[PDB]
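Asker: no sequence for this one, just the structure:
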Ligand SMILES: [K+]
Ligand SMILES: [K+]
Ligand SMILES: [Zn+2]
Ligand SMILES: [Zn+2]
C-alpha cells in the first residue's frame, strides 16, 4: 500500500478527507490514514421535494445556501447583496436543476419579497438543518480558504467537498449520490 | 381529464411545454395536448461523466453552456465576460453537483487558459453538432419566453428550466432532467 500513501496525501491536501475515507479509497491501514490527518495543520481526528434556504455571511460577503433536506446535498453561491432579486434568480436556477416543490426559509425580507414570490409562482414552488449545515460549510471553507484567492471560489470548493468527498451512512454514499438516488427512485414510483 | 385542459393551456402560456409533457403532467390524451401546441402562436408540432462546454452569444451578452451528452441535460448562465476566471468558476460549480469526469471543449483562448486548467486539475476533470443543436434550441426557447422577463439573465434560466423539465419524449416519456438523474443513478448501482 506504500504507493497509495502519496495519492492519499494529495487527495487530503485538496479535499481534506477524513481517515476512514482515505483508508477505504486508497487501501491504507487506518494507522497510516490517521497520520495524514494528524499531520495536516487544518484538520483534527423527508419528502424529496423539500429544500431549505438561508443566508450566511463570511469575510463580509453574502452566501446563499440551499439544502436538500432528504439527502444533505447543498448548493451555494456568493451573491452581491442580500436581495429578493438575487434570491429569485438563485431559486430559478435550482428549480430547473432539481424537482423543487417546497422551500423553507426564515422570515428574511429577501425570502418574503414579491420578486421571490413571483419566481416561486413561475417555477411552481410552494413557500412555507440549514443552521447545522452553515456551520459544516464554513468549517470546510476554512480548511480550503488557502487554496483560493477569492472567497467565492473557496465556497464552491467547499460545496464540492461536502457533496462528493464526505461519505457516510448505511449506504456509504456522498450527498451527491444520495439526492440522485432519491430523485431517481421517486421517478420510478 | 376535461378540467386538466385549462390547466395545461395555462401552463403552456408559461412554459410552452411540448405535447408529451402536457399529456403526462396533466393526464391529457396526446391528441388534446397536441392541439394546445398547435393553437400556440409561438410553437408548432456514452459515459455519464462526459460533458460539452461552449459559449454562445445573445443580445451582446455571453452565455456559458454545459451539456450532459448522454442525457441532453443543460446548464447555462449569462457570464459578465468570456474569461478563464468566469469559466473556471462555472466549471467548479458544475463539478460540485454532477460527476464531471471529462469535458469536451474548443482549443480557444478561454477554455485552454491556465485558470480553466487549474480548476479541472483541482476537481479531477480532464479536457478533450450536439452543442450547436442545443444552442439553437436554447436560443429558440429563450425566444418563446423572452417577453416574460426583464433581463436576459432570467429568460435564460427560464429556458433552461423548460428544456430540462417540460420537453419530454422517448420510451419512458422522460425529461432531460429526469434522464440525467436516472443515468447517473444507474451508474452508481453498477459501481
Ligand atoms: K492535525
Ligand atoms: K402552432
Ligand atoms: Zn486536512
Ligand atoms: Zn407555445
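Answerer: Happy to help now that I have it. Numbering: from 1, shown residues only, chains lettered A, B, ... in the order given. Ligands and ions are numbered 1, 2, ... in the order given.

Asker: looks to me like residue A:55 is in a helix.
Answerer: No - under the criterion used here (DSSP: H, G, I helix; E, B strand; the rest coil), residue A:55 is strand, not part of a helix.

Asker: partners of it in the sheet?
Answerer: residue A:64 (DSSP bridges).

Asker: could I get the full set of helices for chain A?
Answerer: With DSSP state H, the ranges of helices along chain A come out as A:2-15, A:19-25, A:30-39, A:84-95, A:114-123, A:130-144, A:151-164, A:175-188.

Asker: let's have those in a markdown table, adding mean neighbour count.
Answerer: All C-beta spots, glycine's among them, are computed from the backbone N, C-alpha and C. Output for these, formatted as a markdown table (neighbours: other CB atoms under 10 Å in any protein chain shown):
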| stretch | mean neighbour count |
| --- | --- |
| helix A:2-15 | 15 |
| helix A:19-25 | 19 |
| helix A:30-39 | 16 |
| helix A:84-95 | 22 |
| helix A:114-123 | 18 |
| helix A:130-144 | 17 |
| helix A:151-164 | 23 |
| helix A:175-188 | 19 |
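
Asker: and these: which comes nearest residue B:14?
Answerer: Closest to residue B:14 of those, according to CB to CB: helix A:114-123, at 6.6 Å.

Asker: so which elements touch that closest one?
Answerer: Here helix A:114-123 touches helix A:84-95, strand A:126-127, going by 3 or more CB pairs under 8 Å, 6 or more residues apart in numbering or on different chains; DSSP states H and E.

Asker: so which elements touch the last one?
Answerer: In terms of contacts (3+ CB pairs under 8 Å, 6+ apart), strand A:126-127 is packed against strand A:102-104, helix A:114-123.

Asker: contacting residues around that strand?
Answerer: Contacting residues not belonging to strand A:126-127 are listed as A:101-103, A:105, A:111, A:116-117, A:120 [CB atoms under 8 Å, 6 or more residues apart in numbering or on different chains].

Asker: so what's the residue of chain A at minimum distance from ligand 4 up against?
Answerer: In chain A, the residue that lies nearest ligand 4 is residue A:122 (15.4 Å; CB to the ion). When contacts are counted by CB under 8 Å, 6+ apart, residue A:122 touches A:92, B:14, B:148, B:158.

Asker: contact residues of chain A facing chain B?
Answerer: Residues of chain A lying close to chain B (CB under 8 Å from any CB of the partner chain) are A:14, A:73, A:75, A:77, A:88-89, A:92-93, A:95-98, A:122-123, A:147, A:152-153, A:156-157, A:159-160, A:163-164, A:173, A:176-177, A:180-181, A:183-185, A:187.
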